[PDB]
Amino acid sequence: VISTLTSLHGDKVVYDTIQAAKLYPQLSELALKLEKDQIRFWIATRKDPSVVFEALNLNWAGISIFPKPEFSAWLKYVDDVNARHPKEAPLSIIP
Amino acid sequence: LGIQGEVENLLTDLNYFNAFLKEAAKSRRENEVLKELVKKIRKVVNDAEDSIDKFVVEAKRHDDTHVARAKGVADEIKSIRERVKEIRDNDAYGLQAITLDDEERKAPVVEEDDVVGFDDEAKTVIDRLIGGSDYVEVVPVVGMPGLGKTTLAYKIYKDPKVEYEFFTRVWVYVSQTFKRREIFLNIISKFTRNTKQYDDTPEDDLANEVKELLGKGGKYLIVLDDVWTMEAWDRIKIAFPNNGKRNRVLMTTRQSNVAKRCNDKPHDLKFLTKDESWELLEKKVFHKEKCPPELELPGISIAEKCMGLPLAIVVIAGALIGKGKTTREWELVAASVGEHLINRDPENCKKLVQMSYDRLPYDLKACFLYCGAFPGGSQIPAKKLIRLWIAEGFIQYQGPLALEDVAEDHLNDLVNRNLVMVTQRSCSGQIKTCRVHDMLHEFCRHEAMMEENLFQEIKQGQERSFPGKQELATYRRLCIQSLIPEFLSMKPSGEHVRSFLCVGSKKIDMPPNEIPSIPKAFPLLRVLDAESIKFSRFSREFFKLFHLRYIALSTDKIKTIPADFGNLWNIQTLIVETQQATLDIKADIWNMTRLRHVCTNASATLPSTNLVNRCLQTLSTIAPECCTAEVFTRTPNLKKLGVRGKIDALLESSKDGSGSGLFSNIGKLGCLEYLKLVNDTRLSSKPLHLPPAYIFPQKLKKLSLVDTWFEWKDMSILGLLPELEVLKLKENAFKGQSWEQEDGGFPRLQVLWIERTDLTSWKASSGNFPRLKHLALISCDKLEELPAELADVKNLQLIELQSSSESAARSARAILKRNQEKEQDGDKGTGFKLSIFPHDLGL
Ligand SMILES: Nc1ncnc2c1ncn2[C@@H]1O[C@H](COP(=O)(O)OP(=O)(O)OP(=O)(O)O)[C@@H](O)[C@H]1O
């Protein structure tokens with residue numbers, strides 16, 4: 001709730017930390033809810049799709065991008081911000 | 001400090017570089033510029049890691065010449081940071097090139113004729129294809145690369161028995177990469193030639209069409225050549241009909257995990273014998289003609305060095321043909337058989353091995369190549385190998401599993417992929433010793449020397465000498481089989497050496513003046529595998545290895561480890577194969593958080609200890625007087641003790657009202673799984689007693705008692721252990737003339753080992769060994785006869801006797817006769833064998 005524990009001076013390292021905490025049974029529920037809260041930050045400020053693309057680490061894949069579930073969530077992200085955009089200017093994954 | 005910031009920004013850069021290297025290793029890079037770019041980035045990644053390690057250790061030293069050392073560290077971190085920015089500025093296009101990476105179906109070609117030594121193997125698999133259930137059954141042929149799996153599969157595929165039995169025979173070349181659609185189209189093209197009508201049919205509808213074609217063709221056999229994954233098998237098997245017509249699938253593969261998941265008992269292919277290797281090599285080199293007598297002597301040696309692998313024989317045969325028919329030239333090939341396999345013929349041997357190697361996860365590749373550091377043809381202790389991977393840093397795992405459990409899964413993964421061969425498996429099923437085949441061993445050497453630079457062999461060859469300081473400035477790790485004292489004599493300077501692996505099999509008594517050479521030449525020494533080297537004394541340089549993780553040494557004169565050892569906070573494994581009976585660890589090793597093993601060979605008198613050693617797992621030998629309550633408080637996750645010394649103090653109870661001895665502390669460990677006891681008292685005549693089972697460890701699995709002289713009466717208490725599986729008794733571990741067992745006991749016992757027993761008679765009941773598999777009676781000359789209740793064990797597999805008496809031999813024959821009668825009554829045999837010599841006595 002406090003902005004100190006939400007900005008965290010970065011997003012990619014936080015995302016990797018959340019995934020790392022997910023393998024522990026005592027941290028599975030905490031990491032899962034924190035993962036959703038990271039999407040909350042992604043929607044609140046409407047960061048560029050380049051940052052989220054790097055945060056999901058889709059930058060190393062050839063023909064294998066589409067089968068990757070990270071690509072599906074990357075598509076769901078742009079759809080969500082296209083339902084919460086402050087102005088009607090389109091946001092696209094293509095650039 | 002600003003230095004702390006500099007290391008932080010450097011760390012983020014290596015986070016990108018390591019991620020770049022991991023994704024760069026996902027496939028082979030053939031472009032020479034990309035190869036050098038990967039080598040440059042890997043070199044700066046390693047060198048930066050060597051410098052951050054200097055920073056973090058020197059920071060630890062500073063917490064407890066410091067200005068000069070800090071200045072040198074900051075100067076270094078400045079240089080690698082400049083070098084990293086140099087790569088990011090000048091090589092910026094290159095880093096994108098590997099990131100932006102993305103054909104012909106090379107079906108293997110095999111001997112249609114002159115298949116040497118596969119007659120018995122073909123009939124074994126063919127008869128296995130005939131039998132089985134009416135449903136779909138898989139018969140996977142599994143083995144190491146180039147073993148002859150496709151050759152045997154094609155031998156069966158064209159065998160007259162198979163061609164008569166199976167009306168439909170299909171060969172499908174599955175591989176690492178394949179199109180699920182093209183396979184069903186290929187199978188359809190066997191029956192109907194009209195391919196235009198299936199241009200838009202969906203894949204699953206094509207599989208439905210394949211189902212109709214195979215089903216009408218009666219009983220069918222399908223050779224799924226080189227299936228690499230279970231996911232591929234599930235994708236393809238949807239088109240194989242289960243008509244109940246005894247149709248089979250013959251699935252050659254390099255994977256044992258895939259083989260086992262398709263059939264519970266996969267068929268492992270054999271190696272050619274020494275006679276068959278020469279017969280094949282002679283056939284390949286000479287076209288239907290015998291070898292000249294002058295070339296027979298070197299040719300046989302070459303075939304022996306191929307280690308029975310048909311791929312190596314075929315490759316070396318091509319070299320021999322080019323090398324003429326001269327004794328001198330055939331002698332040169334024999335002296336360099338391994339070179340002619342990997343280096344001179346990369347298309348045949350190097351490329352085939354690369355298919356399995358490049359498919360490994362990035363962590364497994366460093367583990368597999370590390371097996372090539374040990375001498376070719378040697379056998380590597382599995383326990384030693386596991387601790388080497390973890391101490392070096394190849395096991396990077398952040399789950400709740402212990403590291404050795406993960407590494408054991410990695411080693412079993414290599415064995416499953418048939419990159420490693422197991423020589424000995426314990427009765428519990430774990431791996432004991434493993435070896436790498438000679439072809440894969442040359443691949444491990446070449447890959448980890450020239451491409452990856454994981455380790456370097458040091459030897460005094462004809463064209464090679466001990467490396468100079470120009471070569472040592474590049475070497476990451478060193479492995480050495482012989483001539484160690486002279487290499488340490490010339491005073492090398494291995495600044496970047498992280499490991500010193502004395503893989504020699506012969507004990508070397510190094511002179512005392514070369515002892516400080518190892519720690520002074522390699523200040524960054526993480527792993528010191530000096531098991532073969534004998535050290536008579538220590539030095540202050542030996543305890544300056546603050547980056548040390550692994551330390552193994554053999555001593556005869558070193559009776560006590562000095563307290564200076566406690567400065568090495570990063571050590572995990574301690575090994576001391578001391579020949580002395582006593583050894584005192586003066587170091588306060590309890591504060592080393594990542595301490596995992598203490599494999600002492602004598603009674604270790606550990607010093608007196610809010611902190612928990614969550615990682616410590618093993619203690620090979622400990623003093624009974626050191627079994628304090630505080631010791632076991634710090635080791636809750638531990639999984640093995642060993643207690644050598646005067647066991648009288650362990651069992652003696654004081655008269656002050658306290659009836660609980662030090663064994664009560666042993667039984668309070670909630671995660672113990674192995675216990676070993678050795679007793680030193682021999683002048684006394686007292687036979688000893690065993691404490692009740694309600695103070696025994698709850699989860700104990702394995703036991704080993706030596707020379708304790710327990711009475712035979714009190715092991716009915718040992719039968720109250722619910723999870724006991726392994727029990728070993730050696731050097732007259734029990735005393736008494738008579739052995740009698742009470743009802744029940746040993747609910748899960750699997751193996752019982754006895755050596756030099758004191759008993760003369762043994763009586764048992766049927767309920768004593770419900771799940772016994774192996775019984776060993778070595779040097780039991782006092783045995784009169786065995787009880788007949790041992791024949792009631794349905795799970796029994798093996799009983800072995802050595803140096804038994806004549807009456808004991810008669811009881812062994814009687815038990816064998818009863819076991820044979822029961823097996824002939826309808827219960828299929830489990831593979832019993834018995835050692836009897838001579839066989840004509842007592843028949
Ligand atoms: N029994 C044999 N007699 C003669 N040559 C053999 C024999 N077995 C295999 N070979 C030869 O060894 C080479 C490799 O054998 P094969 O093609 O059967 O490999 P494999 O075990 O299927 O391996 P991979 O996993 O790489 O496909 C071939 O050139 C083949 O001719």
# chains A, B, ... in the order shown; residues from 1 in each chain; ligands from 1

$ interface_residues --of "chain A" --to "chain B" --cutoff "9 Å" --atoms "only C-alpha atoms" --output "list in words"
residues 20, 21, 23, 24, 59, 60, 61, 62 and 63 of chain A

$ residues_near_ligand --ligand "ligand 1" --cutoff "7 Å" --atoms "only C-alpha atoms and all ligand atoms" --output "MDAnalysis selection string"
chainID B and resid 108:111 114:118 143:152 226 253:254 280 310:311 314 352

$ residues_around --residues "residue 52 in chain A" --least-positions-apart "5" --cutoff "10 Å" --atoms "only C-alpha atoms" --output "list in words"
residues 11, 12, 39, 42, 47, 57, 58, 74, 77 and 78 of chain A

$ residues_around --residues "residue 411 in chain B" --least-positions-apart "3" --cutoff "12 Å" --atoms "only C-alpha atoms" --output "JSON, numbers by chain"
{"B": [363, 364, 365, 366, 367, 368, 370, 371, 380, 381, 382, 383, 384, 385, 386, 387, 388, 389, 390, 395, 404, 405, 406, 407, 408, 414, 415, 416, 417, 418, 419, 420, 421, 422, 430, 431, 432, 433, 434, 435, 436]}

$ write_last_selection --atoms "C-alpha atoms" --output "CSV table (one decimal), in the first residue's frame"
chain,number,residue,atom,x,y,z
B,363,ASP,CA,23.2,-26.1,-15.9
B,364,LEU,CA,23.5,-29.7,-17.1
B,365,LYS,CA,26.1,-28.9,-19.7
B,366,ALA,CA,28.6,-27.7,-17.2
B,367,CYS,CA,28.0,-30.9,-15.2
B,368,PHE,CA,28.4,-33.2,-18.1
B,370,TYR,CA,33.0,-31.7,-15.9
B,371,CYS,CA,33.0,-35.5,-16.0
B,380,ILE,CA,34.1,-41.7,-10.9
B,381,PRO,CA,32.6,-42.1,-7.4
B,382,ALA,CA,29.0,-40.7,-7.6
B,383,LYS,CA,29.1,-39.2,-4.2
B,384,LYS,CA,32.4,-37.4,-5.0
B,385,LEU,CA,31.0,-36.2,-8.4
B,386,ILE,CA,27.8,-34.8,-6.8
B,387,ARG,CA,29.7,-32.7,-4.3
B,388,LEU,CA,32.0,-31.5,-7.0
B,389,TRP,CA,29.1,-30.0,-9.0
B,390,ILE,CA,27.6,-28.3,-6.0
B,395,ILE,CA,23.9,-26.6,-9.2
B,404,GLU,CA,22.4,-33.0,-3.3
B,405,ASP,CA,18.9,-34.3,-4.1
B,406,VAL,CA,18.8,-31.9,-7.1
B,407,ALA,CA,22.4,-32.9,-8.2
B,408,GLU,CA,21.4,-36.6,-7.9
B,414,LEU,CA,22.7,-37.6,-17.6
B,415,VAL,CA,22.5,-41.4,-17.2
B,416,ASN,CA,18.9,-41.3,-18.5
B,417,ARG,CA,20.2,-39.4,-21.6
B,418,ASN,CA,22.9,-42.1,-21.8
B,419,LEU,CA,25.6,-39.5,-21.7
B,420,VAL,CA,27.0,-41.3,-18.6
B,421,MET,CA,27.1,-45.0,-17.9
B,422,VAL,CA,26.6,-46.4,-14.4
B,430,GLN,CA,21.1,-45.0,-6.0
B,431,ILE,CA,24.2,-44.5,-8.2
B,432,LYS,CA,27.5,-45.5,-6.7
B,433,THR,CA,30.1,-45.2,-9.5
B,434,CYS,CA,29.8,-43.9,-13.1
B,435,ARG,CA,32.0,-43.7,-16.1
B,436,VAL,CA,31.8,-41.8,-19.5

$ select_by_dssp --residues "range 514-670 of chain B" --states "strand (DSSP E)" --output "PyMOL selection string"
chain B and resi 527-534+550-554+560-561+573-576+582-585+597-599+603-604+618-619+643-645

$ write_last_selection --atoms "C-alpha atoms" --output "tab-separated table (two decimals), in the first residue's frame"
chain	number	residue	atom	x	y	z
B	527	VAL	CA	37.76	-26.69	-5.48
B	528	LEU	CA	40.90	-28.58	-4.45
B	529	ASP	CA	40.45	-32.24	-5.43
B	530	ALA	CA	43.78	-33.40	-3.98
B	531	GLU	CA	42.42	-36.79	-2.92
B	532	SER	CA	45.37	-38.77	-4.30
B	533	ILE	CA	48.01	-36.34	-3.01
B	534	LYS	CA	49.28	-37.10	0.50
B	550	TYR	CA	35.77	-28.14	-1.69
B	551	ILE	CA	38.84	-29.61	0.01
B	552	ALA	CA	39.99	-33.24	-0.16
B	553	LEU	CA	43.32	-34.55	1.11
B	554	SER	CA	44.94	-37.69	2.52
B	560	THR	CA	44.71	-32.61	14.28
B	561	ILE	CA	43.16	-30.01	11.97
B	573	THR	CA	32.74	-30.40	1.77
B	574	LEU	CA	35.54	-31.65	4.02
B	575	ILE	CA	37.31	-34.91	3.13
B	576	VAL	CA	40.24	-36.34	5.11
B	582	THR	CA	42.10	-40.03	16.14
B	583	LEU	CA	41.51	-36.61	14.59
B	584	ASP	CA	40.57	-33.34	16.31
B	585	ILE	CA	38.88	-30.51	14.38
B	597	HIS	CA	29.80	-32.68	4.65
B	598	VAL	CA	32.46	-33.73	7.14
B	599	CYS	CA	33.80	-37.04	5.80
B	603	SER	CA	36.79	-39.89	15.78
B	604	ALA	CA	36.20	-36.16	15.26
B	618	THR	CA	26.72	-35.83	6.74
B	619	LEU	CA	29.21	-36.66	9.48
B	643	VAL	CA	30.19	-42.58	15.49
B	644	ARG	CA	33.65	-44.10	15.95
B	645	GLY	CA	35.20	-44.43	19.39

$ closest_residue --among "B:195, B:105, B:821, B:159" --to "residue 174 in chain B" --atoms "only C-alpha atoms"
B:105

$ select_by_dssp --residues "chain A" --states "helix (DSSP H, G or I)" --output "tab-separated table (two decimals) with N, CA, C and O atoms, in the first residue's frame"
chain	number	residue	atom	x	y	z
A	4	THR	N	6.61	3.18	-1.20
A	4	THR	CA	7.97	2.68	-1.10
A	4	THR	C	8.05	1.21	-1.51
A	4	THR	O	8.99	0.81	-2.21
A	5	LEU	N	7.08	0.40	-1.11
A	5	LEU	CA	7.06	-1.02	-1.41
A	5	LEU	C	6.40	-1.34	-2.74
A	5	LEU	O	6.27	-2.52	-3.09
A	6	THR	N	5.98	-0.32	-3.50
A	6	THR	CA	5.37	-0.53	-4.80
A	6	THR	C	6.25	-0.11	-5.97
A	6	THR	O	6.32	-0.85	-6.96
A	7	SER	N	6.92	1.04	-5.89
A	7	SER	CA	7.83	1.44	-6.96
A	7	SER	C	9.03	0.50	-7.03
A	7	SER	O	9.36	-0.01	-8.11
A	12	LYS	N	11.46	-5.30	-13.58
A	12	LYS	CA	11.88	-6.60	-14.08
A	12	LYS	C	12.46	-7.46	-12.97
A	12	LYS	O	12.16	-8.65	-12.86
A	13	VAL	N	13.31	-6.87	-12.12
A	13	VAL	CA	13.88	-7.60	-11.00
A	13	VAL	C	12.78	-8.03	-10.03
A	13	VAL	O	12.80	-9.14	-9.50
A	14	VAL	N	11.80	-7.15	-9.80
A	14	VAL	CA	10.67	-7.50	-8.93
A	14	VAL	C	9.88	-8.66	-9.53
A	14	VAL	O	9.47	-9.58	-8.81
A	15	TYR	N	9.65	-8.62	-10.84
A	15	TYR	CA	8.90	-9.70	-11.49
A	15	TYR	C	9.63	-11.03	-11.35
A	15	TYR	O	9.01	-12.06	-11.08
A	16	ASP	N	10.95	-11.03	-11.54
A	16	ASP	CA	11.73	-12.25	-11.37
A	16	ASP	C	11.70	-12.72	-9.92
A	16	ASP	O	11.65	-13.93	-9.65
A	17	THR	N	11.75	-11.78	-8.97
A	17	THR	CA	11.68	-12.14	-7.56
A	17	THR	C	10.34	-12.78	-7.21
A	17	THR	O	10.28	-13.73	-6.43
A	18	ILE	N	9.25	-12.25	-7.78
A	18	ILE	CA	7.93	-12.82	-7.53
A	18	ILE	C	7.86	-14.25	-8.04
A	18	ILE	O	7.34	-15.15	-7.37
A	19	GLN	N	8.39	-14.49	-9.24
A	19	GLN	CA	8.42	-15.84	-9.79
A	19	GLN	C	9.28	-16.77	-8.94
A	19	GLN	O	8.94	-17.93	-8.72
A	20	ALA	N	10.42	-16.26	-8.45
A	20	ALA	CA	11.29	-17.07	-7.60
A	20	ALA	C	10.61	-17.44	-6.29
A	20	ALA	O	10.79	-18.55	-5.78
A	21	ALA	N	9.83	-16.52	-5.72
A	21	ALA	CA	9.12	-16.81	-4.48
A	21	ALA	C	7.94	-17.75	-4.72
A	21	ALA	O	7.40	-18.31	-3.76
A	25	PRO	N	5.91	-23.25	-1.13
A	25	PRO	CA	4.50	-23.38	-0.72
A	25	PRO	C	4.05	-22.31	0.26
A	25	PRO	O	2.90	-21.85	0.18
A	26	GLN	N	4.92	-21.89	1.18
A	26	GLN	CA	4.57	-20.85	2.13
A	26	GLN	C	4.55	-19.46	1.51
A	26	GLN	O	4.03	-18.52	2.13
A	27	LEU	N	5.08	-19.30	0.30
A	27	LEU	CA	5.07	-18.03	-0.40
A	27	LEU	C	4.27	-18.05	-1.70
A	27	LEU	O	4.31	-17.07	-2.45
A	28	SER	N	3.56	-19.14	-1.98
A	28	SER	CA	2.81	-19.24	-3.24
A	28	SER	C	1.66	-18.25	-3.27
A	28	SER	O	1.43	-17.58	-4.28
A	29	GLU	N	0.91	-18.15	-2.16
A	29	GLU	CA	-0.22	-17.23	-2.12
A	29	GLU	C	0.24	-15.78	-2.09
A	29	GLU	O	-0.38	-14.91	-2.72
A	30	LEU	N	1.33	-15.49	-1.38
A	30	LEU	CA	1.84	-14.13	-1.32
A	30	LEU	C	2.38	-13.68	-2.67
A	30	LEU	O	2.15	-12.55	-3.10
A	31	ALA	N	3.11	-14.57	-3.36
A	31	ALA	CA	3.66	-14.22	-4.66
A	31	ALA	C	2.56	-14.06	-5.70
A	31	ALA	O	2.65	-13.20	-6.59
A	32	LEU	N	1.52	-14.89	-5.62
A	32	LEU	CA	0.43	-14.81	-6.59
A	32	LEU	C	-0.31	-13.48	-6.49
A	32	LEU	O	-0.61	-12.85	-7.50
A	33	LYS	N	-0.62	-13.05	-5.26
A	33	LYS	CA	-1.31	-11.78	-5.08
A	33	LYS	C	-0.41	-10.60	-5.44
A	33	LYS	O	-0.87	-9.61	-6.01
A	34	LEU	N	0.88	-10.70	-5.11
A	34	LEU	CA	1.82	-9.65	-5.49
A	34	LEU	C	1.99	-9.56	-7.00
A	34	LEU	O	2.21	-8.47	-7.54
A	35	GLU	N	1.89	-10.70	-7.70
A	35	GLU	CA	1.95	-10.70	-9.15
A	35	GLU	C	0.80	-9.90	-9.75
A	35	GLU	O	0.98	-9.13	-10.70
A	36	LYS	N	-0.40	-10.07	-9.19
A	36	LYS	CA	-1.55	-9.29	-9.65
A	36	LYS	C	-1.36	-7.81	-9.35
A	36	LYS	O	-1.73	-6.95	-10.17
A	37	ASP	N	-0.78	-7.48	-8.19
A	37	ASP	CA	-0.53	-6.09	-7.85
A	37	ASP	C	0.50	-5.44	-8.77
A	37	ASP	O	0.47	-4.22	-8.95
A	38	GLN	N	1.41	-6.23	-9.35
A	38	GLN	CA	2.33	-5.68	-10.33
A	38	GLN	C	1.59	-5.27	-11.60
A	38	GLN	O	1.93	-4.25	-12.22
A	39	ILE	N	0.57	-6.04	-11.99
A	39	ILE	CA	-0.26	-5.66	-13.13
A	39	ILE	C	-1.05	-4.40	-12.81
A	39	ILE	O	-1.32	-3.58	-13.69
A	40	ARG	N	-1.42	-4.22	-11.54
A	40	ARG	CA	-2.09	-3.00	-11.12
A	40	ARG	C	-1.23	-1.77	-11.41
A	40	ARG	O	-1.73	-0.74	-11.87
A	41	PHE	N	0.07	-1.87	-11.13
A	41	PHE	CA	0.98	-0.77	-11.42
A	41	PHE	C	1.10	-0.58	-12.93
A	41	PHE	O	1.13	0.54	-13.43
A	42	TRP	N	1.09	-1.69	-13.67
A	42	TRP	CA	1.20	-1.61	-15.13
A	42	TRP	C	0.01	-0.88	-15.73
A	42	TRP	O	0.14	-0.21	-16.76
A	43	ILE	N	-1.16	-1.00	-15.10
A	43	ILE	CA	-2.36	-0.34	-15.63
A	43	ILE	C	-2.45	1.09	-15.13
A	43	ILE	O	-2.91	1.99	-15.86
A	44	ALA	N	-2.00	1.35	-13.90
A	44	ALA	CA	-2.20	2.66	-13.29
A	44	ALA	C	-1.45	3.76	-14.03
A	44	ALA	O	-2.00	4.85	-14.25
A	45	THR	N	-0.21	3.50	-14.43
A	45	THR	CA	0.62	4.52	-15.06
A	45	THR	C	0.73	4.36	-16.57
A	45	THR	O	1.22	5.27	-17.24
A	49	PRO	N	4.70	-0.43	-23.96
A	49	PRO	CA	4.77	-1.90	-24.11
A	49	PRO	C	6.20	-2.43	-24.18
A	49	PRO	O	6.41	-3.62	-23.94
A	50	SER	N	7.17	-1.58	-24.50
A	50	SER	CA	8.56	-2.03	-24.55
A	50	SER	C	9.04	-2.49	-23.17
A	50	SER	O	9.76	-3.49	-23.06
A	51	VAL	N	8.66	-1.76	-22.12
A	51	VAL	CA	9.11	-2.11	-20.77
A	51	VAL	C	8.51	-3.45	-20.34
A	51	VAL	O	9.21	-4.30	-19.80
A	52	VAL	N	7.21	-3.64	-20.57
A	52	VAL	CA	6.57	-4.89	-20.17
A	52	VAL	C	7.09	-6.06	-21.00
A	52	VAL	O	7.21	-7.18	-20.51
A	53	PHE	N	7.41	-5.80	-22.28
A	53	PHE	CA	7.97	-6.85	-23.13
A	53	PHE	C	9.31	-7.34	-22.58
A	53	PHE	O	9.58	-8.54	-22.58
A	54	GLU	N	10.15	-6.41	-22.12
A	54	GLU	CA	11.42	-6.80	-21.52
A	54	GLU	C	11.22	-7.43	-20.15
A	54	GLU	O	11.96	-8.33	-19.75
A	55	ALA	N	10.22	-6.95	-19.40
A	55	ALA	CA	9.97	-7.49	-18.06
A	55	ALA	C	9.56	-8.96	-18.13
A	55	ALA	O	9.93	-9.75	-17.26
A	63	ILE	N	10.82	-18.41	-33.61
A	63	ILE	CA	9.47	-18.82	-33.98
A	63	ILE	C	8.67	-19.25	-32.75
A	63	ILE	O	7.45	-19.42	-32.85
A	64	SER	N	9.32	-19.42	-31.61
A	64	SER	CA	8.72	-19.92	-30.37
A	64	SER	C	8.00	-18.85	-29.57
A	64	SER	O	7.62	-19.16	-28.43
A	65	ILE	N	7.81	-17.63	-30.07
A	65	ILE	CA	7.15	-16.59	-29.28
A	65	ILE	C	5.70	-16.95	-29.01
A	65	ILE	O	5.22	-16.87	-27.87
A	69	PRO	N	3.48	-19.04	-23.07
A	69	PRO	CA	2.38	-18.41	-22.33
A	69	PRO	C	2.66	-16.97	-21.92
A	69	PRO	O	1.72	-16.22	-21.67
A	70	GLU	N	3.94	-16.57	-21.85
A	70	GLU	CA	4.25	-15.18	-21.56
A	70	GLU	C	3.78	-14.26	-22.67
A	70	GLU	O	3.43	-13.10	-22.42
A	71	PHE	N	3.77	-14.75	-23.91
A	71	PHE	CA	3.23	-13.96	-25.02
A	71	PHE	C	1.74	-13.74	-24.86
A	71	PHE	O	1.23	-12.66	-25.17
A	72	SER	N	1.01	-14.76	-24.39
A	72	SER	CA	-0.43	-14.63	-24.21
A	72	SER	C	-0.75	-13.58	-23.15
A	72	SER	O	-1.65	-12.75	-23.33
A	73	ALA	N	-0.03	-13.61	-22.02
A	73	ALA	CA	-0.22	-12.58	-21.00
A	73	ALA	C	0.24	-11.22	-21.50
A	73	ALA	O	-0.30	-10.19	-21.09
A	74	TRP	N	1.24	-11.20	-22.38
A	74	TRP	CA	1.68	-9.95	-22.98
A	74	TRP	C	0.60	-9.38	-23.90
A	74	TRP	O	0.45	-8.16	-24.00
A	75	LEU	N	-0.15	-10.25	-24.57
A	75	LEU	CA	-1.29	-9.81	-25.36
A	75	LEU	C	-2.44	-9.36	-24.46
A	75	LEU	O	-3.14	-8.39	-24.77
A	76	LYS	N	-2.66	-10.07	-23.35
A	76	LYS	CA	-3.74	-9.70	-22.44
A	76	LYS	C	-3.46	-8.36	-21.77
A	76	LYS	O	-4.39	-7.63	-21.41
A	77	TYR	N	-2.18	-8.02	-21.60
A	77	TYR	CA	-1.83	-6.73	-20.99
A	77	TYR	C	-2.25	-5.57	-21.89
A	77	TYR	O	-2.86	-4.60	-21.42
A	78	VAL	N	-1.94	-5.65	-23.18
A	78	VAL	CA	-2.27	-4.56	-24.09
A	78	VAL	C	-3.78	-4.43	-24.25
A	78	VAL	O	-4.30	-3.33	-24.45
A	79	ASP	N	-4.50	-5.55	-24.16
A	79	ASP	CA	-5.95	-5.49	-24.19
A	79	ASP	C	-6.50	-4.79	-22.96
A	79	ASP	O	-7.46	-4.02	-23.05
A	80	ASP	N	-5.91	-5.06	-21.79
A	80	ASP	CA	-6.39	-4.45	-20.55
A	80	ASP	C	-6.17	-2.95	-20.54
A	80	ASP	O	-7.05	-2.18	-20.14
A	81	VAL	N	-5.00	-2.49	-20.99
A	81	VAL	CA	-4.74	-1.06	-21.02
A	81	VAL	C	-5.53	-0.39	-22.14
A	81	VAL	O	-5.78	0.82	-22.09

$ atom_distance --atom1 "CA of residue 455 in chain B" --atom2 "CA of residue 487 in chain B"
16.5 Å

$ residues_around --residues "residue 830 in chain B" --least-positions-apart "2" --cutoff "7 Å" --atoms "only C-alpha atoms" --output "ChimeraX atom specification"
/B:797,828,832

$ write_last_selection --atoms "N, CA and C atoms" --output "CSV table (one decimal), in the first residue's frame"
chain,number,residue,atom,x,y,z
B,797,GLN,N,16.1,-62.0,-3.7
B,797,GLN,CA,16.8,-62.0,-5.0
B,797,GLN,C,18.1,-62.7,-5.0
B,828,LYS,N,7.9,-66.9,-11.2
B,828,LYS,CA,9.0,-66.7,-12.0
B,828,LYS,C,10.2,-66.2,-11.2
B,832,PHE,N,18.4,-65.6,-9.3
B,832,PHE,CA,19.3,-66.0,-8.2
B,832,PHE,C,20.6,-66.6,-8.7

$ residues_around --residues "range 257-262 of chain B" --least-positions-apart "6" --cutoff "8 Å" --atoms "only C-alpha atoms" --output "ChimeraX atom specification"
/B:138-142,228-230,251,416-417

$ residues_around --residues "residue 651 in chain B" --least-positions-apart "2" --cutoff "7 Å" --atoms "only C-alpha atoms" --output "list in words"
residues 647, 648, 649, 653, 661, 662 and 663 of chain B

$ atom_distance --atom1 "CA of residue 369 in chain B" --atom2 "CA of residue 444 in chain B"
4.7 Å

$ closest_residue --among "B:673, B:75, B:792, B:205" --to "residue 617 in chain B" --atoms "only C-alpha atoms"
B:673
